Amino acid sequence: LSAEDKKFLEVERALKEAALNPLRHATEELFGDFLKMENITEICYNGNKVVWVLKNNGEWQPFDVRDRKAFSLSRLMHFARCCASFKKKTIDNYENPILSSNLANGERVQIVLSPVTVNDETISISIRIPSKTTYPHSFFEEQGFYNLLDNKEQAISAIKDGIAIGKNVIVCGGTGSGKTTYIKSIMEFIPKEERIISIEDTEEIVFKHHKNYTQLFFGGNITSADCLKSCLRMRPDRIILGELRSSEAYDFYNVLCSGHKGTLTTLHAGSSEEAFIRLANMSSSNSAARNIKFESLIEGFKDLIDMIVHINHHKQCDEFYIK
């Protein structure tokens, strides 16, 4: 089969690998060193000859590249273009000065050029390093994840038992707060017989205890809602929504209204009460919600969401909303 599968992939691979190699060398050439760094969460470039790296410990570390070819207005632009074309987009100094794309391996990239940056020699790049490690839940308890909670044992058991029964759980907090990481470890408590479907933007979730599953990715023409909609047609036992965005927003409510099993998703929210408002908002953006009272959605999400876990900027649970 592989002999035929290869000849069958040949055409697409050639095409893809004819746009992914130029980008691979450029990436390698510029941010290669930094990408090798362990425990980092972001790599930024403020077109000022210095590369700023954000570490898991929340510390920004600057690096000097004054004397490097890979950081020439031209060498930079070539990498920029490599990013646009990869995701089939264009990047220039007129109509498309701002850009959003990805690297060869999947990391999100944010590129900005003049006239949007302060001058014509400033090229702003911002790469987001996904969750590339899986620590067991126990690891989280050890590091004292539920230490700020007064319902410490109640929480540690709620999460374990709850998820095992298929409650709808939301993990929220700020950027890089460790939400994705957290949901990844608590997956240990989902019966290994459950068919799981995940909707991601970047492959981040890993299935260490589940043979039957399937991953879905949105981006470009295909939308987050498209994945979730397809998801509900693929007979899932558990649906792991990388992170509620805005498209899924409303369709997520309906999925909850049909009394759907184990839902687990991360979201940008500063707390439980906030998450609830956060959801109503995003839902109301969808036309289908047009005729539904706003304060009617919040109550709606408040009946459906079983438990919420919020994580502060110090990667620690500081709120464990239940029921």
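Heads up: residue numbers just count along the shown sequence, starting at 1.
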Discussion item. Can you tell me whether 52 to 60 has a higher mean C-alpha B factor than 22 to 30 in this record, or the other way round?
Written reply: 22 to 30
Discussion item. I need to verify one thing: averaged over C-alpha atoms only, is the B-factor higher for 151 to 159 or for 211 to 219?
Written reply: 151 to 159
Worksheet item: Out of 102, 181, 74, 126, which shows the largest CA B-factor listed in the entry?
Response: 74
Practice prompt. Select one of 46, 284, 41, 271: the residue whose C-alpha shows the highest B-factor in the crystal structure entry.
Written response: 284
Worksheet item: By the record's CA B-factor, is residue 239 among the lowest, middle or highest third of residues in the chain?
Response: lowest
Fill in: Ranked against its chain, the third holding the CA B-factor of residue 256
middle
Practice prompt. Using the B-factors in the PDB entry, rank residue 195's C-alpha atom against the chain and give the third, lowest, middle or highest.
Written response: lowest
Worksheet item: If you rank every modelled residue in this chain by C-alpha B factor, which third holds residue 302: lowest, middle or highest?
Response: middle
Discussion item. Splitting the chain's C-alpha B-factors into thirds, which one does residue 80 fall into?
Written reply: middle
